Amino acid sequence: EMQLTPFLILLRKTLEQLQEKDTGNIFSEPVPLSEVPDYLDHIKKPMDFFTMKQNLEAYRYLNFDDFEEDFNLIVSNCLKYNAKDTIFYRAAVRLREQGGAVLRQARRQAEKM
């Protein structure tokens, strides 16, 4: 029960803040299926920040859970696919921690609407 425009503005800002935490840009675009040919054997639903931006602008995220679910997919897919001793796995841990904090403050802003 709120106005759509300010909510989408908030999600845009939040997505930018999450992208800033991914300093290696490992989650900016889909995992290249040509470069990782076995990726879909293990990962049911790929996700990345560019796809999230497209979903946001297609009005596919109408509540904070919609948005956070796709962020969580970025993280969980990376933890699932990559071995624990890799930069990629640790980058997902870091994003979960740092991006979680961004998400908690942003959800609080949405609740004020």
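From 1 onward, residues are counted along the sequence shown.
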Checklist entry - Should the higher mean CA B-factor in the entry be assigned to 93 to 101 or to 16 to 24? => result 16 to 24
Checklist entry - Out of 76 to 84 and 30 to 38, which stretch has the higher average CA B-factor listed in the record? => result 30 to 38
Item to check | Ranked against its chain, the third holding the CA B-factor of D48 | outcome: lowest
Next on the checklist: Splitting the chain's C-alpha B-factors into thirds, which one does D66 fall into?
Outcome noted: middle
